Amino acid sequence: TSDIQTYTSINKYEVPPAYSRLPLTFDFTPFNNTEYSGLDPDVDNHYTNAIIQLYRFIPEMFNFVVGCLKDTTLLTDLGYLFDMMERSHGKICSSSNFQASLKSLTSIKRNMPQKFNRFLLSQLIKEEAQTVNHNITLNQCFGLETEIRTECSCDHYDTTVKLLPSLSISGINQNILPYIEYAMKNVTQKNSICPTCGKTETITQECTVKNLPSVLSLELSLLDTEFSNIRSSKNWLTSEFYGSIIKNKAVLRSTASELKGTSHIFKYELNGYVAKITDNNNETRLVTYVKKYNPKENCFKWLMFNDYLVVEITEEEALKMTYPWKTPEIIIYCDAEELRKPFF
């Protein structure tokens, strides 16, 4: 017999109590002894709660969103929500209102967490645009400047530059750094019909991310076979790394000095991630790992959120990818200095 907040087991195949499917939702205090609020799972699309928690713990993000309340829209709803979650004392909060706003805009399936992540960021960034203020903060925080050049025979496929708020990660050909590097610079081929010519042709496209934004939001979009190689790789989920734009390419390394012939080096730290838990029943759910700075003790602590259960955990557990019941879904890296700023 174990307390529900027990978050390890001996055998890697047994889902520990803290990760289990919690009772339907009335006291939740036995599930949470922290000062951080969990979310009521009795809402539509309750898997979005894991992603709401994730963003709630990005300082640049929290602070900007709650700041808007001092100026209707699911930005401001997210504002009210974040604010309730901070000042509530670990008391449960509801994403009810936020869910409503989302709906108005008319089992965890493959890609749905990633799809919701892209939608949410894009939607927040667009609303941020709707203020005649400027009012760029989210755009500049998450914005990946992505250039697509096309080698083609017909001279049409004009180069495009779009600002994307997240980076989609697919397989390469071990740790996470080369995956991110590949997503930020790659050359691919595909069959295509030219919108201008109508010619069908194999085109070659070079996709280049131009900048290293202060928040990198990663959507893992891998095959389950690729996930099996991730679990076998110890230390796949790198906790911190250094990046630089070197010769029009993003280069990412574990240490700063591995970065050569570049004049500006940026440090990133893992802030949090959302993971899918798969039960023995094959029942499925999202949890959230986050890292929060305690500037008095000059250290970070790691928290795991499972709906309304919240438990402080070791960094070892927080970075462990080897559990067959665990799959990373969405990962956030954050400028190391930003990560230490206070939540207002």
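Note that residue numbering follows the sequence shown and begins at 1.
- The gap between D71 and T72 holds 4 to 9 unmodelled residues of the deposited sequence.
- Counting the deposited residues that fall between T106 and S107 and carry no coordinates gives a value of 10 or more.
- Looking at 142-150 and 228-236 together, the entry lists the larger mean B-factor for 228-236, computed on C-alpha atoms.
- The PDB entry records a higher mean C-alpha B factor for 163-171 than for its counterpart among 268-276 and 163-171.
- Listed residues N298, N306, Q53, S37 were ranked by CA B-factor as deposited; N298 comes out on top.
- For the set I332, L24, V15, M321, the PDB entry puts the maximum C-alpha B factor at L24.
- In this PDB entry, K199 carries a Cα temperature factor that places it within the highest third of its chain's modelled residues.
- Placement of the Cα temperature factor of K247 within the chain: middle third of the modelled residues, per the deposited record.
- Ranked by Cα temperature factor within the chain, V66 sits in the highest third according to the deposited record.
- Split the chain's modelled residues into thirds by C-alpha temperature factor. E258 is in the middle one.
- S221 sits in the middle third of its chain by CA B factor, as recorded in the PDB entry.
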